[PDB]
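Participant:
2 protein chains.
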Amino acid sequence: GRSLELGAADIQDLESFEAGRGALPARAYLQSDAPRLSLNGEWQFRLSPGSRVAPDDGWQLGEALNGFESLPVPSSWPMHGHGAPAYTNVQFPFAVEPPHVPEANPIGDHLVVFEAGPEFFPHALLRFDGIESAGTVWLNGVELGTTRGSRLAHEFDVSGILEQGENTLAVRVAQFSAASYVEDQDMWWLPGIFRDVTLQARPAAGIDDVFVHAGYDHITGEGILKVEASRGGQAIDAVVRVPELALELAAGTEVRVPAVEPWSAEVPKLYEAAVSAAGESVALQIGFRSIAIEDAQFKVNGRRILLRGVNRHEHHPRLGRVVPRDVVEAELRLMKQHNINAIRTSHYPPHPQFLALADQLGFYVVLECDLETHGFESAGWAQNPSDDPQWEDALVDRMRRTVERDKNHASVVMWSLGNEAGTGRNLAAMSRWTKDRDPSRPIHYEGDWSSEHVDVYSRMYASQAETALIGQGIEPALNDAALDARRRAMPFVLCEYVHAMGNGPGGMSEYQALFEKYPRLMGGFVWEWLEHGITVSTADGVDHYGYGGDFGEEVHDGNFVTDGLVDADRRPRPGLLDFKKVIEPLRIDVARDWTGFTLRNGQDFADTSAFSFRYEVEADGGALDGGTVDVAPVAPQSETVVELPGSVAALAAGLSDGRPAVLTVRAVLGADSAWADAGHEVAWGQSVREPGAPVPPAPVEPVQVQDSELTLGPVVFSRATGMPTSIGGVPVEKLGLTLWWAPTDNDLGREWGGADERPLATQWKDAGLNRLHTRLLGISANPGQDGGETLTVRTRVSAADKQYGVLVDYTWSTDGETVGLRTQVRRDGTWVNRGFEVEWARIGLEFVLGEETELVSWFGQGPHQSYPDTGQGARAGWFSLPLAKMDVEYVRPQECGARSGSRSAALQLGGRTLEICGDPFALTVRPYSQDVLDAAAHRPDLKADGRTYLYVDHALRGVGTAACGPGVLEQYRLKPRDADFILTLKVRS
Amino acid sequence: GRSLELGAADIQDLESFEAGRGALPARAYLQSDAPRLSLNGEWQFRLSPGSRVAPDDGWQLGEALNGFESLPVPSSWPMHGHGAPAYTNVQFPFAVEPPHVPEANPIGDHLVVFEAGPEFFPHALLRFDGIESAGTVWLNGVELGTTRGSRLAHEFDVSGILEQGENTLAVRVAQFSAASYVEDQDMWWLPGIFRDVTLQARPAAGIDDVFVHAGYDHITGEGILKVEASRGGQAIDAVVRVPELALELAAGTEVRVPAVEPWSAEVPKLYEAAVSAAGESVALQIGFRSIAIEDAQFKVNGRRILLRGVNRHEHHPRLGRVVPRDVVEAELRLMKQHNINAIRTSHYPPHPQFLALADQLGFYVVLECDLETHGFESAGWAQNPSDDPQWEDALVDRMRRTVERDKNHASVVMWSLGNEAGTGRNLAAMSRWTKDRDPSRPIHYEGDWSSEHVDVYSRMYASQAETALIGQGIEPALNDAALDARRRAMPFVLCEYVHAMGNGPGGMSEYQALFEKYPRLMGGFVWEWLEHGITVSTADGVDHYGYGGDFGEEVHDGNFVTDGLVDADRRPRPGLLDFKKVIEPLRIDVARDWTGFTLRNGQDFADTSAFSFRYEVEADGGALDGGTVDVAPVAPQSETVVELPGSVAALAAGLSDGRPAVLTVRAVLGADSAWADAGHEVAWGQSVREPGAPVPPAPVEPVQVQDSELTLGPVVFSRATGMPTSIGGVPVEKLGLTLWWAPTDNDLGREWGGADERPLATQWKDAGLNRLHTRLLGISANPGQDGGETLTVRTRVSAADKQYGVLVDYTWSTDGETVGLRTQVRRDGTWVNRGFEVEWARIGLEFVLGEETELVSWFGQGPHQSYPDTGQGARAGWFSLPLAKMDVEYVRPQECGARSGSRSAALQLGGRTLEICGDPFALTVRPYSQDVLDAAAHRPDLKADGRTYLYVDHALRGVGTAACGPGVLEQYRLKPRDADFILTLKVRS
Ligand SMILES: CC(C)S[C@@H]1O[C@H](CO)[C@H](O)[C@H](O)[C@H]1O
Ligand SMILES: CC(C)S[C@@H]1O[C@H](CO)[C@H](O)[C@H](O)[C@H]1O
Ligand SMILES: CC(C)S[C@@H]1O[C@H](CO)[C@H](O)[C@H](O)[C@H]1O
Ligand SMILES: CC(C)S[C@@H]1O[C@H](CO)[C@H](O)[C@H](O)[C@H]1O
Ligand code: NA
Ligand code: NA
Ligand code: NA
Ligand code: NA
Ligand code: NA
Ligand code: NA
Ligand code: NA
Ligand code: NA
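Chains as they are written, first to last, in the entry's author numbering: chain A, 22 to 1010; chain A', 22 to 1010. A prime marks a further copy of an entry chain.
#1: Secondary structure at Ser-24/A', three-state DSSP: helix, strand or coil?
#2: Any idea what DSSP makes of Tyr-482/A', helix, strand or coil?
#3: Between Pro-889/A, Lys-1007/A, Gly-988/A and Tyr-888/A, which lies nearest to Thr-934/A when the distance is taken from Cα to Cα?
#4: Look at the alpha carbon of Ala-589/A' and the alpha carbon of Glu-335/A', and state the distance between them as a whole number of angstroms.
#5: In chain order, which continuous runs of the alpha helix (DSSP H) of length 4 or greater are located wholly inside the region 314-383 of chain A'?
#6: State the Cα-Cα distance for the pair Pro-56/A and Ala-222/A, rounded to the nearest angstrom.
#7: So, with DSSP's three-state summary, where would you put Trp-879/A?
#8: Using DSSP bridges, identify the partner residues of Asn-622/A'.
#9: Should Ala-788/A' and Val-846/A' be called a contact, given that it needs their Cβ atoms to be closer than 8 Å?
#10: So, using beta-carbon positions, are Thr-795/A and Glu-124/A' closer together than 8 Å?
#11: Any residue with its Cβ nearer than 5 Å to a heavy atom of ligand 10 should be included. What is that list in chain order?
#12: State the start and end residues of the unbroken alpha helix (DSSP H) segment that holds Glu-537/A.
#13: Rounding to the nearest angstrom, what Cα-Cα distance links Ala-897/A and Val-638/A in this structure?
#14: By a C-beta neighbour count over all protein chains shown, 10 Å radius and 16 as the cutoff for buried, is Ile-228/A buried or exposed?
#15: By the three-class DSSP mapping on this structure, what secondary structure does residue 13/A' have?
#16: Following a CB-centred definition, is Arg-594/A positioned closer than 7 Å to any heavy atom of ligand 8?
#17: Select from the region 119-144 of chain A' all residues with a C-beta closer than 9 Å to any C-beta belonging to chain A, and list them in chain order.
#18: Can you look up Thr-795/A in the DSSP assignment and give me helix, strand or coil?
#19: Do you know how far the Cα of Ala-521/A' is from the Cα of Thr-366/A'?
#20: Would you say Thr-685/A' and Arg-339/A' are within 8 Å of each other, going by their C-beta atoms?
#21: Within 7 Å: the Cβ of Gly-986/A' and any heavy atom of ligand 9?
#22: Tell me the DSSP secondary structure of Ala-294/A in three-state form.
#23: Going by other Cβ atoms of all chains shown within 10 Å of its Cβ, with 16 needed for buried, is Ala-802/A' buried or exposed?
#24: For a test of your reading of the model: does the CB of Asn-110/A' fall under 7 Å from any non-hydrogen atom of ligand 4? Yes or no.
#25: List, in order along the chain, the chain A' residues whose C-beta lies closer than 8 Å to that of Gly-826/A?
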């Protein structure tokens, strides 16, 4: 019975249910005057493909390193050519049999040589702030211990092992371990030592841990301060000095500061402080805030707050989980610049440096533990680590390290147990551990809807309808009356909503109106802040983002990792510009007569004093009037009516009919803040004098008949097809009805509920909307006016194998300068296919012009795209962009770039300019066809063909959020219908 | 109100509901002594893309031909580079709005100049035997008329238009017309003048039409003869001479021939005859047969017959609908050579020349009218031409021309109204017209299950179960008692069954047993005889077949056109070799003791006198005994027991135990027939003395342990994986469990019935069966025998994200020469995924050898492939083939080539030979992996990689016919289970 398998001991440790061994007690991450040496830099790295063939050849000693090579540390090592990134959403990339690991399991051996001066003696520790997923640590050949909890910190005492002068630190990192079963976040699998490695001296009579407690009495204005300090687990004597408040006190004792300025996301007041013992001093930033739940409302400092949140992953398109500090600071400023006031650290603690930046810049943080067992759901949660008693110690350790590290930061207003981990005994243990350790912060966890072990009711992607019922407290009761009573007394948060994947998210405004109406609604956190795109260079040297499957994954989830409000390089998607407007903290309703505007202060604490209120009147020629208006400060949750200067109203009263003019009132920062320069726009409102309807040209030019062509003023028609073949010299290669668009990511998600759950994209393909064909029925010229005639072209549009159709009639007219086009659309037969109604993407026309377009200008909404349930950030005005800037650089190309609400448009096709006017239409211009757009999986797949594809839509459907959560709301769907609409066209040179 | 559209008159004719105009009355195709001149050859051809731009430039006159070019006539013109073939199954390739045609509609102008001598004067006609789909005919500028009914003949009188000497014939052919709506057969859309164009003189006092009536009185042996002859529609005087029967009689009168030899498919007796008037004589072949329906049985000449049928389309891989006569004769001989006795002309009349060949070679023909409106089904049959009164005249014309052309041929035993045309008034009119015109043949039509207007109950792809209930007369009743009484008194035919697409068809034997058991079952016609592959040459110059979508179709149905028993070049698929055995007309059951065989004559008319009965005993060394045995003729439907020579039994009694020997009794043709040479095999039976079970080698060699390898006799194992890395010097690159195979066409069809209707291929992908992974659990060496040891390798196989698995244990043993491998498979967890049980394709092993294989030999079933529900044609014996001949050249590559029931196998890998033995296993060898097989859409996509992929299966599931009709029958499914099996391996040089 001889056992002959290799590497059984390494594998048995990888399969362990326990937390890491050998590490010091979890504590706060603290800024200390103690000596420190960062071991970051260039290490040596050897990759082996599994435990059984990973060499046990004394490499830890740093001598005779066969097969090592330079690798930066911190790193996610697939980002540097060792293996590849792999992306899964829910599915595990290995067989599900906890706690066992697959045979293919990348093992990365890391090694670094450093110098330890006398200041690291006699006592020092090594601190690892994150290793994915299983680390074993040797120092000078001696085993220190192991790490479990990939985004949690570990510290190992090196006293009596660290030698003066030169030392050799060695770390073996296994990508997969039993811990992988509890780290199934929807993101790239990325092994490595991806956070700081640090040597820290531990002088005697020092401070190991500190627990700040800084409450605020909103009735008295008092701060309630107690700073606890400990060493070796024991409360020690230390002095706490807070200069700004005239405070010297002893650690351990609670005092009442007579008057403090409270901390909030709006006003992040931070008092500098220091706690010190004989051998060590620790610098703190203290924010006085108290969190309370009463009347089913989540309150900070005595006021219900509104969360304007995003879910923040840590991703970098070239460095993986390594986010450089400048990228962190820049992205939180970007968040502030878009009215965001809350962050959820989905779904693991962030880099320890993040916390101070959130304290300073001002965000309400939901700090989330590193726990997700989502992959067990598909088996009915069988073997779920969250309910398996053998994982209890591991999971409690995760919560402990999570809480201890960040417990001092005012910005953390909730602890979260994890994400989509099911329900189970171990989550209850983590809750009980947290409530006892830190009763000052409510506990969040969406995964158990009964809310038995949490303090707030949390859901993800609940529909607008259900959110409205919850806001009113009338959602259906829980079976357990006692649990139901508790949950009904909780405030409600959407930890994830308006999935921001691709074109979208639609429906954001309907959520926001409910957040404002019902105090029990705490708000929501958009899923998610960034796309996880990974930069890839094609053979030519062209950059684009790759996603799941682009890196050879056997199982993957494609572009579901690119679902953000900004791309991986933090460039805004249109959804972010819309989101900023949706969550703007002030509401400005400009009066129709331009005499004033209503101003509501939607903030919770600040008044309007930080803002300058600016107005401008813009017409076709440019700005006609503008200035600033003084507003006596408006209190939070109050409103007033601000008179505008009489010149504005007078200008409006004197406008001729049909002359367009736009009045915009903007609230901008009066002075530089920590997160934007003075004049930065925070909120806005407008009132528009719309251009009158266009006048059809007089039908005075007649139809000139030839053998194979017909001419009506500037329009040449092919007599065979009845379609225009050129307009004013601009060649027209095709004109026809459109009812379809290249499916968005939302259109590829399943239409849940009811008997038909085919995605909308599939419903459309089945129906043939992408392959319409047109039969000509007749061409008549008819008596117009004083010798002129109109031309009517009758057609029927359908698709192969379908009996349903639309009759489309084009009536053309011209006076020689303007072309008038009336289009009439009539349903023919019932638009049902495979048993279910067909819905349309649009009702419009596609002009394929035989010239390229360089510039597109329009009067309408802009500058960015807008669909019926989006475009809140698009304002009324005059806009002009080069063609390439009309498009949107989504990683998977899809329908985008329509400008809804357009009244006029001008395309510069070289020397000539094509001017389109008419009743409100949506405008899109591209250098490639819808089939080239739909076929493209990445942006280099789009190819220009030298034509101009011009879309003029009389109707559009919304974009919704069906990739995850609600589809298009009822009022934005587009069922087949009859339609009619007028355009004017004119070509200029 | 001026109308300006182009080509409205051409289009209005294309949209016409009427049959062609201007043609002479439909008549029989008759062999006449009248002068004839075939206008086949090289014509001139111009293609325009639609009616509106097709030139009206006097081209019919043959002068100034701008844009014409040589094109053979007959032709399907896409086959010669003008446009492309397009394939749809059910869906129309144009919008469904009868009778309107699409704007893109290929218009082919045809022109030929010919010479008409004095023998074509004063009277001649032009005959067109098929134009797809709308022809307009001019002769010397004068319009003759138009053609509707693409596979029906038209004749135009050219008296006074044909000029002596030189004439110019011009034909405009439109691909699409209103007729397209009633010609929706599942096949290539192929416009052209695809059948003969002929000039025929019509001398005075001639014969226009002839209607032969040749009945058989099976009680008296009398023939019942009446030959009708007409001219200009009127019964004329003509003399009928049948030399062989001593007959001279007048046309028009019925006589009783005292004794005739009756015609049947088994014995196609044809009497030569001639009917003549003053100016013309017509040669006929007369077969005396009477068709009757009684006692719910379809009888010919007094006996119920059994139809052994195929559905025959007309297709040629380079000429489209043009089938050269030599290909026709060769393919019907091939049919006879495979025991086929019946043909259904799916779904249109064949070339007129086909009928005489079926009379002569001997087939029961279902002659089917050119009518199919299948594309209307998806709209609930709305606007179905079969029930639209405006199509009545068109549809009756189709039936009339169909019946008139072929009414004289004994082989036509049923008229068919068409195929999948729904139900409607117009089908009733076609039935009433046929029953009145020709009461001597029953009417067939599957589309109306109530059978109101037919004489036989026909169905397609009814399950074995339902066929069994119908055979017993206990199928559920129709709602109308009167209609139910009629249908229950009808015999039952499967006009289509055992869909022969790709690997398959399975389940054929279960149908055949029912056809034999129940007299009401008439038999069935396999769908279908040939694949419609179109030869295509890749850039390299490599040939393969293309199918739907390979020719740029916008809508298509892929490889559903390659669903035949033979490929387009008439090379048999394995399904044909199986089918021939299934329908063999004699049953030979060889006795277990080898003393004799039971012989049942399954024919309906012939005895066994045409057959020589041959026996042979084959052993490992070759033939041991053989000869012929005399059998007193057995009557139809009788049986006897034929003694074999005592030497055979004695040989069997003297065989040592475990020595394999096979006794085969064959019925071969004693003498050359019209369709095969003497000795051609018609039926066979076998009795097998199976080799005893293999003896595991003695476990006397021990396990030699090294650092990274283990050696057990000739086997080297990698110590890391526990898997063999070489066996006797043959490198082993991988060994593991298989549970999956590259989906067949059947596995891609939906599993109808129940809550899960995902295709089996999809069920497997969802379950991860194609991406199994293996974790190593342990490697133990254990005490064997006299110093030797066995090696056990314990593994678990699963897939990423799945909790279910199988434990697989390999126990190896060797005495130095033979390697013994015991494999044990144990289910771990419930194999359920997405709510439904997972089923396996197989339980086996995959050896990936690092050398190429040149030759594969085995003892088992062969020579061709066999799966649990197929392989009837594979007999027991010893077989040996070069590797490339183990594969099957299906147009879409898919699982094929397994040899089930194997007892031993030998692979020649260069110099060395790998010998596998064990209990019954299935054997497959390929030069490429299953993923290369599954990914390949065409055969050039398969790529060899220099390895050998060896599959040894302990269990396989059946292949069924789920691409159309029943899936795998219950007894051949493969639910997960525990299994264990032993192999021996041995390498030789
Ligand atoms: C073929 C181009 C005109 S498509 C063009 O490519 C660019 C990348 O260079 C951007 O991705 C644009 O969004 C895209 O429109
Ligand atoms: C199968 C999905 C509905 S689960 C859904 O996937 C999303 C993908 O972005 C998010 O990650 C959500 O957290 C998750 O609930
Ligand atoms: C890459 C080859 C070994 S696959 C090989 O190709 C042949 C065509 O040349 C045949 O189609 C065989 O069936 C196929 O196995
Ligand atoms: C949708 C199918 C089940 S219809 C099915 O298609 C087959 C394809 O070979 C055959 O042509 C049959 O005639 C037809 O009934
Ligand atoms: Na949502
Ligand atoms: Na995602
Ligand atoms: Na589009
Ligand atoms: Na655009
Ligand atoms: Na069948
Ligand atoms: Na088919
Ligand atoms: Na296969
Ligand atoms: Na094979």
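All residues carry an ideal CB built from backbone N, CA and C; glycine is no exception.
Facilitator: In short:
#1: Here DSSP, grouped into helix, strand and coil, assigns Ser-24/A' to strand.
#2: The answer is coil: DSSP assigns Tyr-482/A' none of H, G, I, E or B.
#3: When only C-alpha atoms are compared, the closest one is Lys-1007/A.
#4: Taking the straight line from one Cα to the other gives about 10 Å.
#5: Correct list: 346-357 and 375-382.
#6: Going from the Cα of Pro-56/A to the Cα of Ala-222/A covers about 5 Å.
#7: Strand.
#8: DSSP lists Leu-607/A' as the bridge partner or partners of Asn-622/A'.
#9: No, the pair does not count as a contact, with Cβ atoms beyond the cut-off.
#10: Contact: yes.
#11: Going down the chain, each residue whose beta-carbon is closer than 5 Å to a heavy atom of ligand 10 shows up: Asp-207/A', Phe-581/A' and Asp-584/A'.
#12: 529-538 is the extent of the alpha helix (DSSP H) around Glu-537/A.
#13: A straight line joining the alpha-carbon of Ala-897/A with that of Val-638/A spans about 12 Å.
#14: Buried, since its Cβ has 16 or more Cβ neighbours within 10 Å.
#15: Chain A' is shown only over 22 to 1010; residue 13/A' falls outside these bounds and no answer can be derived.
#16: For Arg-594/A, the Cβ stays outside the 7 Å cut-off from all heavy atoms of ligand 8.
#17: Flagged, chain order: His-121, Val-122, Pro-123, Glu-124 and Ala-125.
#18: Reduced to three states, the DSSP call for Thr-795/A is strand.
#19: Between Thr-366/A' and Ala-521/A', the alpha-carbon positions lie close to 17 Å from each other.
#20: Note that the C-beta distance between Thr-685/A' and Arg-339/A' is not below 8 Å.
#21: True, at least one ligand heavy atom lies under 7 Å from that Cβ.
#22: If DSSP states are grouped into helix, strand and coil, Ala-294/A belongs with the strands.
#23: With 16 or more other Cβ atoms within 10 Å, it is buried.
#24: Indeed, a heavy atom of ligand 4 lies less than 7 Å from the Cβ.
#25: What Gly-826/A touches in chain A': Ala-116 and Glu-118.
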